[PDB]
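In C-alpha cells, the next block holds one chain alone, the form solved without the named molecule.
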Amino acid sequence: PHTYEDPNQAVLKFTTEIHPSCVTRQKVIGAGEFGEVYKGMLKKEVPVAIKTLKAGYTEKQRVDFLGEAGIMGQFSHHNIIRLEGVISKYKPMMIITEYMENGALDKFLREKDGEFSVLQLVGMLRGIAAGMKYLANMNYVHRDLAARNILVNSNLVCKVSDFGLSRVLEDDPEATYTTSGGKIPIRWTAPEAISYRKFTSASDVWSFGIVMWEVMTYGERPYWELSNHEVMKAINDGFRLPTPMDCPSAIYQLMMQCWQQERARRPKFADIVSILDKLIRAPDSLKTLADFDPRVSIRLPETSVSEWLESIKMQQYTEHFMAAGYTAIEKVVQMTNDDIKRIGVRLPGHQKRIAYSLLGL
C-alpha cells in the first residue's frame, strides 16, 4: 500500500513507545546519519542497538529519524532487522533494534577474509535474498541495498537494516571513495534509477547483484579506482563488474543476470532465492569456477567473392568462380561440395578448406 510514504502515520501505527528508564546505554558501536549508535540493554533485559538523534535537530530531521522505525516496525522476517520500539516523547530521540553482534556485512567479511567457505557465502546471499523477497512481496522498494546496510548476528544470519526516507542520489561525479552524507551511492544503483529516478524491485535486484559481488570478494569496493562518472558511462556502454576470485560460475552467471540493462529481463527475488537454494542443496554445482583475471576492475562489453576467397588464401580461384556463374555471394553460400568439384577445385585440401569456410556463411 502507501504506508511506506507517511513517516508520522507509520510511527503512530507501527512503533512501540518505550520509556527512557527501560533503556541502559553501555558502549558506542558506530556513527549513524543522525547521531551515535550504542549497544545497551532493554527491559529479563535483552541486548539491543540504540540509535540516537543528535541534539539540536530540525522538526523535519526528527520526522525523518523516527520514520525509519515507522517503516521497520511494519516488517517481520528472519532476515529483516527487528524493531523493539522508539523513544519519541523525551529527548534525545531513540530507535531500539535487536543487537547484531557482528555488525555490518562488508566490514565483517573484510575482518574474516578467506575464513568462510563458498557455501557459507552463498548461504548469506540466500538469507539476504529471502529478506529482499519478503520486502518485494510487501511492495517495499529499498532503493539503497548494499553490504554496509546488512547486519550480521552471532549465528552469521544476515538481515537488511537501513530503512530511511528522503533518500537522494550521490551527486559527486569525480569521486572514487565514499562520499559524505547519507546519499544513495551510484555504484549500487541501477542505470534507470540513476538516469530517470525509476527505483523498482528490479533496481533492488541490480543492487543485490552488486551485493553478491561484495560478498564473493570479502568486502571489496565495486568499480575500484573508477569514478562515479566513469562507472555510469561504463554501465551505459555495457561494461560490468569482473569475476571475483574463486567464484562459482553459477554465482557470477546470476550476478550478471541481475545486471541486465533492461530491468524487465532481470530475475525477480523469488527466482534469486530459488536459484541460491538449489545451488546450496546441490553444492557440487558450485565447484566450477568462472575465469579470473587479476588485472581487471571491469568486464568489457559484449559484441553485437574475392574477399572471401582471399580470407582462406584461395583468391587465385576467383576467376574460376566468375566463369562458372558464381559471381555473387548469395549463390556461393548455397553451393554444394559437388558444385565445388565441378567448378574446378580438384585438390582435396582445397575442397576441404572451401567446405569448412562455407559452413560458416
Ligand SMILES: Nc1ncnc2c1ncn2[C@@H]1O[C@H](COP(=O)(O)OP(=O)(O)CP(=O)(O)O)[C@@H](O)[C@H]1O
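One rule holds for the numbers: they count along the sequence shown, beginning at 1.
There is another form of this protein, the form solved in complex with the named molecule, and it is not shown here; the text below is about that form.
A heavy atom within 4.5 Å of the named molecule in the deposited complex is found for exactly one of 113, 171, 225, 291: 171.
The single contact residue among 231, 254, 276, 104, judged by any heavy atom lying within 4.5 Å of the named molecule in the deposited complex, is 104. The partner is not drawn, yet in the deposited complex one stretch among 30 to 38, 55 to 63, 329 to 337, 292 to 300 has residues with heavy atoms inside 4.5 Å of the named molecule: 30 to 38.
For a residue to qualify, one of its non-hydrogen atoms must sit within 4.5 Å of the named molecule in the deposited complex; all three of 99, 151 and 162 qualify.
Within 4.5 Å of some heavy atom of the named molecule in the deposited complex lies at least one heavy atom of residue 81. For residue 42, no non-hydrogen atom is located within 4.5 Å of the named molecule in the deposited complex, even though that partner is not displayed.
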